[PDB]
file upload-v3.csv (CSV, N, CA and C atoms)
chain,number,residue,atom,x,y,z
B,1,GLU,N,6.8,7.4,-7.1
B,1,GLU,CA,5.4,7.3,-6.7
B,1,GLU,C,5.3,5.9,-5.9
B,2,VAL,N,4.5,5.9,-4.8
B,2,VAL,CA,4.4,4.7,-4.1
B,2,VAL,C,2.9,4.6,-3.6
B,3,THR,N,2.3,3.5,-4.0
B,3,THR,CA,0.9,3.2,-3.7
B,3,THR,C,0.7,1.7,-3.5
B,4,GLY,N,-0.3,1.3,-2.7
B,4,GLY,CA,-0.6,-0.1,-2.5
B,4,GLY,C,-2.1,-0.3,-2.4
B,5,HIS,N,-2.4,-1.6,-2.4
B,5,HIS,CA,-3.8,-2.0,-2.4
B,5,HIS,C,-4.0,-3.3,-1.6
B,6,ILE,N,-5.2,-3.6,-1.2
B,6,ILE,CA,-5.4,-4.9,-0.4
B,6,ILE,C,-5.5,-6.0,-1.4
B,7,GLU,N,-4.5,-6.8,-1.4
B,7,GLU,CA,-4.4,-8.0,-2.3
B,7,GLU,C,-4.4,-9.3,-1.4
B,8,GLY,N,-5.4,-10.1,-1.5
B,8,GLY,CA,-5.5,-11.3,-0.7
B,8,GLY,C,-5.5,-10.9,0.8
B,9,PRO,N,-5.0,-11.8,1.6
B,9,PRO,CA,-4.9,-11.5,3.1
B,9,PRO,C,-3.8,-10.6,3.5
B,10,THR,N,-3.1,-10.0,2.5
B,10,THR,CA,-2.0,-9.1,2.9
B,10,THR,C,-2.0,-7.8,2.0
B,11,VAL,N,-1.4,-6.8,2.6
B,11,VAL,CA,-1.2,-5.5,1.9
B,11,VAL,C,-0.1,-5.5,0.9
B,12,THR,N,-0.3,-5.1,-0.3
B,12,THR,CA,0.7,-5.1,-1.3
B,12,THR,C,1.2,-3.7,-1.7
B,13,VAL,N,2.5,-3.5,-1.7
B,13,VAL,CA,3.0,-2.1,-2.0
B,13,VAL,C,3.6,-2.1,-3.4
B,14,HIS,N,3.4,-1.1,-4.1
B,14,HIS,CA,3.9,-0.9,-5.5
B,14,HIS,C,4.5,0.5,-5.7
B,15,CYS,N,5.8,0.5,-5.9
B,15,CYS,CA,6.4,1.8,-6.1
B,15,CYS,C,7.0,1.8,-7.6
B,16,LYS,N,6.4,2.6,-8.4
B,16,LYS,CA,6.8,2.8,-9.8
B,16,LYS,C,7.5,4.1,-10.0
K,1,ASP,N,-10.9,0.9,2.9
K,1,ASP,CA,-10.4,-0.4,3.1
K,1,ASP,C,-9.1,-0.5,2.3
K,2,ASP,N,-9.2,-0.5,1.0
K,2,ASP,CA,-8.0,-0.5,0.1
K,2,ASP,C,-7.0,0.6,0.4
K,3,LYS,N,-7.5,1.7,0.9
K,3,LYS,CA,-6.7,2.9,1.2
K,3,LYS,C,-5.8,2.5,2.4
K,4,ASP,N,-6.2,1.6,3.2
K,4,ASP,CA,-5.3,1.2,4.4
K,4,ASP,C,-4.0,0.7,3.9
K,5,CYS,N,-4.0,-0.2,2.9
K,5,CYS,CA,-2.8,-0.8,2.4
K,5,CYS,C,-1.9,0.3,1.8
K,6,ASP,N,-2.5,1.2,1.0
K,6,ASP,CA,-1.8,2.3,0.4
K,6,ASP,C,-1.1,3.2,1.4
K,7,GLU,N,-1.9,3.5,2.5
K,7,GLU,CA,-1.4,4.4,3.5
K,7,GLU,C,-0.3,3.6,4.2
K,8,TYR,N,-0.4,2.3,4.4
K,8,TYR,CA,0.6,1.5,5.1
K,8,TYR,C,1.9,1.6,4.2
K,9,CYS,N,1.7,1.4,2.9
K,9,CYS,CA,2.8,1.4,2.0
K,9,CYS,C,3.6,2.7,2.2
K,10,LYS,N,2.9,3.8,2.3
K,10,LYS,CA,3.5,5.1,2.4
K,10,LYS,C,4.3,5.2,3.7
K,11,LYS,N,3.7,4.6,4.8
K,11,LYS,CA,4.4,4.6,6.1
K,11,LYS,C,5.8,3.9,6.0
K,12,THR,N,5.8,2.8,5.3
K,12,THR,CA,7.1,2.0,5.3
K,12,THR,C,8.0,2.5,4.1
K,13,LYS,N,7.4,3.0,3.1
K,13,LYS,CA,8.1,3.6,2.0
K,13,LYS,C,8.4,5.1,2.1
K,14,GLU,N,7.9,5.7,3.2
K,14,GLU,CA,8.1,7.1,3.4
K,14,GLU,C,9.6,7.4,3.2
call {"tool": "encode", "arguments": {"input": "upload-v3.csv", "output": "structure tokens"}}
result
Amino acid sequence: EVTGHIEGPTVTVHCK
Amino acid sequence: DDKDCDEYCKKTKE
């Protein structure tokens, strides 16, 4: 699974 | 808004 969110001034990707 | 980052992540993690 791969999902991200807007964290601070940059896009953060999280693949668990 | 937050979906943009997720979509982006999918594009690079595709």
call {"tool": "closest_atom_pairs", "arguments": {"input": "upload-v3.csv", "of": "chain K", "to": "chain B", "cutoff": "6 Å", "atoms": "all atoms listed in the file", "output": "CSV"}}
result
residue,atom,partner,partner_atom,distance
K:2,CA,B:6,N,4.4
K:5,C,B:4,C,4.2
K:6,CA,B:4,N,3.6
K:7,N,B:4,N,5.9
K:9,CA,B:13,CA,5.3
K:10,N,B:2,C,6.0
call {"tool": "select_by_dssp", "arguments": {"input": "upload-v3.csv", "residues": "chain B", "states": "strand (DSSP E or B)", "output": "tab-separated table (two decimals) with N, CA and C atoms, in the coordinates of the input"}}
result
chain	number	residue	atom	x	y	z
B	2	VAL	N	4.50	5.90	-4.80
B	2	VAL	CA	4.40	4.70	-4.10
B	2	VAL	C	2.90	4.60	-3.60
B	3	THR	N	2.30	3.50	-4.00
B	3	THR	CA	0.90	3.20	-3.70
B	3	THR	C	0.70	1.70	-3.50
B	4	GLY	N	-0.30	1.30	-2.70
B	4	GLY	CA	-0.60	-0.10	-2.50
B	4	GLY	C	-2.10	-0.30	-2.40
B	5	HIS	N	-2.40	-1.60	-2.40
B	5	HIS	CA	-3.80	-2.00	-2.40
B	5	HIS	C	-4.00	-3.30	-1.60
B	6	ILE	N	-5.20	-3.60	-1.20
B	6	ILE	CA	-5.40	-4.90	-0.40
B	6	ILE	C	-5.50	-6.00	-1.40
B	7	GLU	N	-4.50	-6.80	-1.40
B	7	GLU	CA	-4.40	-8.00	-2.30
B	7	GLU	C	-4.40	-9.30	-1.40
B	10	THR	N	-3.10	-10.00	2.50
B	10	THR	CA	-2.00	-9.10	2.90
B	10	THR	C	-2.00	-7.80	2.00
B	11	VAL	N	-1.40	-6.80	2.60
B	11	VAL	CA	-1.20	-5.50	1.90
B	11	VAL	C	-0.10	-5.50	0.90
B	12	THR	N	-0.30	-5.10	-0.30
B	12	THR	CA	0.70	-5.10	-1.30
B	12	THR	C	1.20	-3.70	-1.70
B	13	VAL	N	2.50	-3.50	-1.70
B	13	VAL	CA	3.00	-2.10	-2.00
B	13	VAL	C	3.60	-2.10	-3.40
B	14	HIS	N	3.40	-1.10	-4.10
B	14	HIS	CA	3.90	-0.90	-5.50
B	14	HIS	C	4.50	0.50	-5.70
B	15	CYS	N	5.80	0.50	-5.90
B	15	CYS	CA	6.40	1.80	-6.10
B	15	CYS	C	7.00	1.80	-7.60
call {"tool": "atom_distance", "arguments": {"input": "upload-v3.csv", "atom1": "CA of residue 14 in chain K", "atom2": "atom C of residue 1 in chain K"}}
result
18.8 Å
